[PDB]
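Have a look below at one chain only, the form deposited in one PDB entry, in structure tokens format.
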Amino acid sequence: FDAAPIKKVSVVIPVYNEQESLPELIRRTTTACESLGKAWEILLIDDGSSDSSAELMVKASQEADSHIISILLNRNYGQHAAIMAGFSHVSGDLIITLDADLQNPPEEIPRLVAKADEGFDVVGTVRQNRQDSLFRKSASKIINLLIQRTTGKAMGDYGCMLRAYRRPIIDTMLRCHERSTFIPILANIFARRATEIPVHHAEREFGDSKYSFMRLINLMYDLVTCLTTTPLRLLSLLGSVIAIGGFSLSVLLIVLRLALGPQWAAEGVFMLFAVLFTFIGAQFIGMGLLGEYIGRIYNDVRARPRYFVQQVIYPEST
């Protein structure tokens, strides 16, 4: 777990129509950062805000002895794209991500900085006081189950964006080819050592959440497609089940009619429907056959590392 000590830190905050909370956010974040006794930097990214957020950001950047860098984008690209834009400019050894709605307490930064200074590459967080509602709860349960099945371990909370990373992870991720990503998952791919911290949560003080239904469906699709290619494998299973059922039912119908003779007027249509079901299952099998190669192409185009080494131990003589 040994690592070089941290001497500078950077903070990345995506902003999108959050003029109401920005004034308090700036003061609280500045106080928290100054409480570290460490060199600090702040970067604010405007994801195509329609309100006056950009004006406040530039005004803050123009204040005397200001440590705030303002970055403007020509349109709305998304939260993670803005985070990548922020990463492209950071100069500190440790990177902190934070939300602009102020639901994440800025006062938790020093704990993350300390734990990362112990030597850990990636430090996560878990919301001890987490709202419970059937939709979010079920989604989180299924998503965490899939994540632990795939990665081999559970990360506690994936939806919390209050996290810390070291610069090498940022440099590694920034060179990836894939255009769409989920930063918390993509970070664990290159992490040699990880930990977590409990933190408390609060509701947004002003405005409304920007994640609508479609903007949430897109996020779910991105997450699932970034995790695994497994869904392409269930089509063949479903087709096999349907085909076996149809074939067995047709054979049983033939045997029953031969043994007992005619029974109903609509017997022939039933046999034809059974054959139709068998063909429909064969169609699912074919689609899964296509999906296998499609997934292979996707993985090859992605060009992720084929393996990751945790450490190498040579003897006294190489």
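We call the rigid core whatever largest set of C-alpha positions still superposes within 1.5 Å between the two forms. Start at 1 and count along the sequence shown; that's the residue number.
There is another form of the same protein, the form deposited in another entry; it is not shown, and what comes next is about it.
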Q: State which of the options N76, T195, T181, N188 undergoes a Cα shift of 2 Å or more between the shown form and the other one, taking the core as fixed.
A: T181
Q) Taking the rigid core as reference, does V58 move its C-alpha 2 Å or further between the shown form and the other one? A) no
Q. So, does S250 move by 2 Å or more at the CA between the shown form and the other one, with the core held fixed?
A. yes
Q.
On a rigid core superposition, would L237 pass a 2 Å threshold for CA movement between the shown form and the other one?
A. yes
(Q) Flagged pair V224/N17: C-alpha distance shifts by 3 angstroms or more in the other form. Which direction, closer or farther? (A) farther
